[PDB]
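Sequence lines, in order, name chains A, B, C, D, E and F. Mapped onto this note's numbering, the consecutive letters of the first sequence carry residue numbers 277 to 461. Mapped onto this note's numbering, the consecutive letters of the second sequence carry residue numbers 869 to 1044. Mapped onto this note's numbering, the consecutive letters of the third sequence carry residue numbers 11 to 53. Mapped onto this note's numbering, the consecutive letters of the fourth sequence carry residue numbers 237 to 392. Mapped onto this note's numbering, the consecutive letters of the fifth sequence carry residue numbers 23 to 340. Mapped onto this note's numbering, the consecutive letters of the sixth sequence carry residue numbers 48 to 162. Note that CB positions come from ideal geometry on N, CA and C, so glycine has one too. Reading through the structure tokens given below for one structure.
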Amino acid sequence: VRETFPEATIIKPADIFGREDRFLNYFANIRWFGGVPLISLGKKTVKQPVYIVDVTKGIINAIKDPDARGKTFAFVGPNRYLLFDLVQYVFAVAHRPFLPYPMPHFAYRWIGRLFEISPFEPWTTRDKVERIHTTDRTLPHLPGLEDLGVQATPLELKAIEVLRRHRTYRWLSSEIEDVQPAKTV
Amino acid sequence: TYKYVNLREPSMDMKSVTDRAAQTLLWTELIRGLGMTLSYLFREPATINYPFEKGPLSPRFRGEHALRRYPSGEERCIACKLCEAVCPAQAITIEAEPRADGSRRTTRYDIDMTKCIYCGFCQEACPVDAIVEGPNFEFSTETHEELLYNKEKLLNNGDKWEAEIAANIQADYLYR
Amino acid sequence: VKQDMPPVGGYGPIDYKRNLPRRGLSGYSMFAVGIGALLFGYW
Amino acid sequence: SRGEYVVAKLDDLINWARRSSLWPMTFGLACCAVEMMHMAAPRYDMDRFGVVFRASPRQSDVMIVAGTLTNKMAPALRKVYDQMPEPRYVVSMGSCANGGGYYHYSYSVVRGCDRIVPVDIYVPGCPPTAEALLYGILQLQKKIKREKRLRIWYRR
Amino acid sequence: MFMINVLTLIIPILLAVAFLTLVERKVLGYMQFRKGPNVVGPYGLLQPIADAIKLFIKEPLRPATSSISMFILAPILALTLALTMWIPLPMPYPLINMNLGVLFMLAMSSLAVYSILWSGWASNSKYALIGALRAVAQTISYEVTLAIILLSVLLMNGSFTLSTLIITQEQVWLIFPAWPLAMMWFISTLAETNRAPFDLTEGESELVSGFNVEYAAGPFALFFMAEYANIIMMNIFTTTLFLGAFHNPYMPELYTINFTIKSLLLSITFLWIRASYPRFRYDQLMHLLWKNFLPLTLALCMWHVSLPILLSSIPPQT
Amino acid sequence: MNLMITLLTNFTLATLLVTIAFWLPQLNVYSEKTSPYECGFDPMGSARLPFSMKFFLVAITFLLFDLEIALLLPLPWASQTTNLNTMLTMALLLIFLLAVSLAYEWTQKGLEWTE
Ligand SMILES: CCCCCCCCCCCCCCCCCC(=O)OC[C@H](COP(=O)([O-])OCC[N+](C)(C)C)OC(=O)CCCCCCCCCCCCCCCCC
Ligand SMILES: CCCCCCCCCCCCCCCCCC(=O)OC[C@H](COP(=O)(O)OCCN)OC(=O)CCCCCCCCCCCCCCCCC
Ligand SMILES: CCCCCCCCCCCCCCCCCC(=O)OC[C@H](COP(=O)(O)OCCN)OC(=O)CCCCCCCCCCCCCCCCC
Ligand code: SF4
Ligand code: SF4
Ligand code: SF4
């Protein structure tokens, strides 16, 4: 695209979380199949998810801004979390029992092979497995959401909005603040 | 000048008391209601077989709007804007200018069919019988913007339904 | 002139009062029928 | 080959079974509700076409917006539409639900119900006649017949 | 070859349930000056098929505030209770000959209420709880009078076996010596099956849809065929009790066709009752079976205890 | 043995239709579809509040009358006895005691609902 459109604006989001996402919903739906397996307990990968509304505002501002022509932005969230405590915060928001267990890398690929033979939309696949356990790289040389006038909103103000539908009747009316927030790096 | 509905005291006679006891025990009026419904089962149902049959209508019917022409090709509207001033819902927008031969005609004549209350004031305020409310009523659309008629759509409706609107006006015009 | 009018003698009669048939037998007939059926069934 | 034939037959089957079993919910607001229940009268009798009322939103298929949608009514209409299970269809009746009608410039009237719910068929009139509403229902049935959902799934 | 017998019992009853929905919609059309479904097929013979296919491709919609275990368990219990209801019914040979079949119907009638109660309770709704408590009140209204009517009728039969009810009225119909018991039995089964004028549970006017106001398609269809199987077998139960037919052991098809015609006429009368009367209150029904039916039933039970002693007409228990 | 086969056949017929009604169609589940239905508006309080019942006395006497008719069901077999007069007297006396209890509740306004 860059070589065929020299004036194209390329936007590179990290990971989107929202009401109809497949990032927090995937973690909140994995609880059906057991106890949320991870690779090396999920404490070797770092994620910085970004809210969907902020990505939309950045896209709109990049449409309006004349200086965004030819740029290559990197839309990332305001905080970096390890995968283990990110899944822990997701399950603590959903008020679900959290019992993680390790899984080897070769064992997880065979699990992703089994789920991706479905003729409908697969629940998970090996590509989703490798992208879930991939550390989000840092690119300081690229402009971000702050250069387009969009203030990044953290996951703590929208995670309940995303994951309230995954709670049972007992914990449906719990408030904002009665969940210990995640630990950053 | 008035009547006493439901002031009928009962009769204390023992024969009628026994008759009322028999009605209570054996449910006379309940079987009466059953018999009325059973007799209503064996009638011709009033269902007309739509779309192969249509309900009755009158020549004064108010349906879809149309723009008529004189019997020479010239359109009847003269941009007098009486319809847009008498319209209770402000559904008519008219813009006018003299055309190439100096005749007072319109350049824009829009009727918003989603604002129109179908009261037929425009068809009776027109001094030349240009705008009419034809007999068409099966014109439901799948989109909101398909119900926003401009001058071309109204003229097409007039050319489509002239063979009927002319006869309906011929049948009705002596009452107006 | 031509107009909608009633006829010279007016229209015909139109009913407006309650007309319920008040059918059925007497209560004694119903009780006798029931007792007869009961005794026949018993025998 | 054979898979396209099979999914076309399955699409035809489910389209017939969905279009011949439309259950609208008992929902009216105004004059147009009286005209809708006049369509449900023995003269026209929409029960012939498999169209029978079901009061609960959970057991209904098509929502008929008949009447004026005011500002106090819009959250209730939106909530009732959300509680209706997929697939769901919306039919707009009268000028009030189409574009506000007589009360377009009113301070407390939503200018058309399409600002709240996705509308499939717009039935014009004030009130649209019972034949017009039956025509709109038959148009919705013919629209349902032209759905190629399993064909789209097989092609994607 | 018992599984073939079970399948050939359980499939035609639900086919007849679907066609009873068809016939009920047609009769409920034709009494009210209009027609039934006659557009989908030839005289509307394909309407139950379209309804059944439609209800199984719609969204399941389990609520978030509802306890999911009882929410799924209740329609399964309703359909299974309606399906095992039919087992000891002699047409003229029952699937399972039982010494005490009448008490089995009574116990399963007690059990089938719990599907309504738990479907009302599990779905976290106020209207559902209202419908559940109305079902509770309806059951405590009707059950005593139902059991004592059936007790005072079976005293002339000699045993609780349903096949003996064919032999015990091979001379004359049992509707003759127990015509008042027949009328109160018919009213009691009208109240049992939650049909008009004693609906009071799936009220579309006092409530919106009753205990299944949150149940979307599929699970709701289970309650629909459970209720229609209930009304068909309850008319069949009444036909066996009071309208026994001529039975030839060499040609059972005569009894089958006679019994089928009588039960169909009873279901036609059932839909006839449906489209004639306003619905009762749910406390006026309680004042009906207790203040009007129960004293007369106690008197009739005295009469039907003393009468076989009176006329030396004690039926055999073998 | 045949009754358990019949019950199991009915149960796996019932649970087959539910299991194919939950996995077959396409689902679009949001945090608005599964809200409780309160005629279009938000409910004012929980559905687990105490729903007070007015017919408590009728329920208690339903228990007592259910047990009275439970005692009364051996009558078709008890009519096959030799001591026929004593059986007839005890049956009549039990039913008369049932009617006496019902009449005492009727005269004391026990069947009338509270409030
Ligand atoms: C299956 C075979 C056919 C079954 C028959 C029924 C089919 C037709 C059904 C018709 C429609 C019914 C729709 C539902 C109606 C519900 C309401 C209802 O019925 O309420 C019951 C009504 C209630 O009446 P009510 O509601 O008016 O009560 C008034 C109450 N107060 C006064 C307090 C306000 O009737 C009864 O309770 C009577 C029950 C039957 C009595 C039978 C008596 C038989 C004869 C005895 C002897 C008489 C002679 C005298 C003594 C001689 C002694 C030797
Ligand atoms: C590998 C090989 C097999 C491949 C898979 C496919 C197998 C077959 C699938 C079922 C049948 C598919 C075809 C469905 C009909 C297609 C033609 C059609 O749409 O005809 C339309 C016509 C009605 O026309 P209409 O537009 O409604 O007219 C208005 C009235 N003037 O319609 C009619 O006149 C009537 C249409 C009737 C449709 C068939 C009957 C109902 C379905 C029966 C089978 C499924 C259900 C089985 C039982 C389930 C449990 C109850
Ligand atoms: C979590 C919720 C619940 C989930 C599970 C639900 C399971 C199904 C529930 C519905 C069925 C309940 C059945 C309860 C017992 C019924 C007994 C019965 O039907 O008896 C009838 C019959 C009587 O026989 P008789 O008249 O003496 O004649 C034989 C002489 N030749 O008897 C016979 O003919 C005898 C036949 C063999 C009997 C074997 C013993 C009974 C087996 C019971 C199995 C377990 C039932 C569990 C029910 C749970 C209900 C909540
Ligand atoms: S019928 Fe009435 S509301 Fe409609 S355009 Fe004419 S004047 Fe306006
Ligand atoms: S009233 Fe008639 S002539 Fe006048 S502007 Fe309207 S359509 Fe034209
Ligand atoms: S469109 Fe007309 S008939 Fe319908 S509700 Fe509005 S004012 Fe009444």
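N- and C-terminal bounds of the alpha helix (DSSP H) containing residue i
i	result
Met379/A	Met379/A -> not in any alpha helix (DSSP H); beta strand (DSSP E) instead, spanning 377-379.
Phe41/E	24-52
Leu1022/B	1019-1040
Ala368/A	359-370
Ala169/E	148-176
Whether residue i touches residue j by CB criterion (8 angstroms)
i	j	result
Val346/D	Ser328/D	no
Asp412/A	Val352/A	yes
residue 347/E	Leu77/E	Since the first residue shown for chain E is 23 and the last is 340, residue 347/E is missing from the structure and cannot be characterised.
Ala253/D	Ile75/E	yes
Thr414/A	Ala338/A	no
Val316/D	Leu376/D	no
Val62/E	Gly286/D	yes
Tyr280/D	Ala366/D	yes
Cβ-based burial, residue i [other Cβ within 10 Å; buried from 16]
i	result
residue 860/B	Coverage of chain B is limited to positions 869 through 1044, which leaves residue 860/B absent and any answer about it impossible.
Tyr918/B	buried
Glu271/D	buried
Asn60/E	buried
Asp1027/B	exposed
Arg936/B	buried
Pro300/E	exposed
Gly318/A	buried
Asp330/A	buried
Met247/E	buried
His442/A	buried
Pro85/E	buried
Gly923/B	exposed
Rounded Cβ spacing between residue i and residue j (contact assumed at less than 8 angstroms)
i	j	result
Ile170/E	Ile116/F	5 angstroms
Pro123/F	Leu176/E	6 angstroms
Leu276/E	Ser174/E	Going by Cβ atoms, the distance from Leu276/E to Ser174/E rounds to 30 angstroms, so no, they are not a contact pair.
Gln160/E	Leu222/E	6 angstroms
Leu83/E	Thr62/F	Wrong, their Cβ atoms sit about 19 angstroms apart, outside the cutoff.
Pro376/A	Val312/A	5 angstroms
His371/A	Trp447/A	4 angstroms
Any non-hydrogen atom of ligand 7 closer than 7 angstroms to residue i Cβ
i	result
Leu246/D	For the structure depicted, ligand 7 is absent and the ligand set comprises only ligand 1, ligand 2, ligand 3, ligand 4, ligand 5 and ligand 6.
Run of the beta strand (DSSP E) containing residue i, from where it starts to where it stops
i	result
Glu965/B	960-966
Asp978/B	972-980
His417/A	From DSSP, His417/A is part of no beta strand (DSSP E); its letter is neither H nor E.
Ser328/D	325-329
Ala350/A	348-351
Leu83/E	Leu83/E -> no beta strand (DSSP E), and no H or E assigned at all.
The segment 267-286 of chain D: positions lying closer than 8 angstroms to chain B by Cβ: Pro278, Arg279, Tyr280, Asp281, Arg284
Near-chain A residues of the segment 201-223 of chain E (beta-carbon distance less than 7 angstroms), N- to C-terminal order: none
Residues, ordered as in the chain, of the segment 118-134 of chain F that lie near chain E by beta-carbon distance below 7 angstroms: Listed in sequence order: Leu119, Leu120, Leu122, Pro123, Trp124, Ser126, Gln127, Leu131.
Residues in the segment 91-121 of chain F having any Cβ partner in chain D nearer than 7 angstroms: Contact annotation: in the segment 91-121 of chain F, no residue has its CB less than 7 angstroms from a CB in chain D.
Against chain B: residues of the segment 346-374 of chain D by CB proximity under 8 angstroms: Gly348, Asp350, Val355, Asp356, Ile357, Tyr358, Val359, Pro360, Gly361, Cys362, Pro364, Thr365, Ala366, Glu367, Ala368, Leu370, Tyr371, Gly372, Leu374
Interfacial residues, the segment 328-348 of chain D to chain B, with Cβ spacing under 8 angstroms: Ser331, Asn334, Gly335, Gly336, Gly337, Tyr338, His340, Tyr341, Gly348
Chain-ordered residues of the segment 433-448 of chain A with a beta carbon less than 7 angstroms from chain E: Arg441, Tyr445, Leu448
Proximal residues, the segment 869-900 of chain B versus chain C, C-beta separation under 7 angstroms: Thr886, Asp887, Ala889, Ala890, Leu894, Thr896
Residues, ordered as in the chain, of the segment 50-81 of chain F that lie near chain D by beta-carbon distance below 9 angstroms: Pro72, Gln73, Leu74, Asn75, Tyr77, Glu79, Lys80, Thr81
Near-chain E residues of the segment 288-311 of chain D (beta-carbon distance less than 9 angstroms), N- to C-terminal order: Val288, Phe289, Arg290, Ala291, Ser292, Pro293, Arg294, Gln295, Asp297
Under 9 angstroms (Cβ pairs) to chain B, residues found in the segment 34-53 of chain E: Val49, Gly51, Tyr52, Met53
Chain-ordered residues of the segment 167-200 of chain E with a beta carbon less than 9 angstroms from chain C: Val194, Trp195, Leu196, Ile197, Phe198, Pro199, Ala200
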